[PDB]
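So this one's two forms of a single chain, laid out as structure tokens and tagged structure 1 and structure 2.
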Structure 1
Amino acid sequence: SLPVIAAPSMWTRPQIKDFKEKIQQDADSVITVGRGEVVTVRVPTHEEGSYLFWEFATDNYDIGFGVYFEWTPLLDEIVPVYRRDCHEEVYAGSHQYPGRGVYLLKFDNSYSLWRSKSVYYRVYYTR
């Protein structure tokens, strides 16, 4: 049979100001998504069974967010892209590695005609 993929986990936590100021230290962890733009963050390949952790937030507005997995071009839909209010709270989640491959974090502003978004993000994995 084809691999069964684990359901992702998602949660929020209330301290956004502290997150941003912490993430602001590394300037490359903060990216501007232009009007009508989609920025895809590609996480380096890791071993099966591990977990990817992601966190993100924005300043003044919501942004579209989803997660796909690219096998070592087959893609799987982990977290469907949807708009989140990550300006109100820090958004975080996790997924178990189905196999060896690249994770794609989609920050999707494509619906926004007049507004650029500032995205503060961070990622971990388990050894």
Structure 2
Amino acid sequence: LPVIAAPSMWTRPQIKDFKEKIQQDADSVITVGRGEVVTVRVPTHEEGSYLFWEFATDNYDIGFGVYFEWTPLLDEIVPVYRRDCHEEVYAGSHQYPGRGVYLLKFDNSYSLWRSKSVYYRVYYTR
């Protein structure tokens, strides 16, 4: 079967620059309600190698994970876990296993009282 390459993840200290840049270019800021899971679907491009993602939050942590949907099978790429992306920007990358759709899950399920503001950015290489 297809062997799935391991994702890469890291962080960069400048949070304020990221959120500043996001608001400028477009308005895409996901507001995740209380007990909600937002899933951003990001398909693979016919000629493309990797998907790069970035995300950050304002006042609070949030759950993040990455799944891959084939061409409904699901591979788990980054298992869903809580990140402190309010302190720093969180980034990562993964190589295409094949033709399919990436599911970026922003998981607030645990939080009873608190909505989360999510700034995110996505890229791909060729």
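Quick note, the numbers are simply positions in structure 1, starting from 1. We call the rigid core the largest set of C-alpha positions that still match within 1.5 Å between the two forms.
- In the core-superposed comparison between the two structures, the C-alpha atom of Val38 has shifted by less than 2 angstroms.
- A displacement of less than 2 angstroms separates the C-alpha positions of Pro80 between the two structures, with the rigid core held in common.
- Once you line up the core between the two structures, the Cα of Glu47 ends up 2 Å or more from where it was.
- Core-based alignment between the two structures gives a C-alpha movement of 2.2 Å at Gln25.
- For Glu89, the Cα shift between the two structures is 0.2 Å when the rigid core is held fixed in the overlay.
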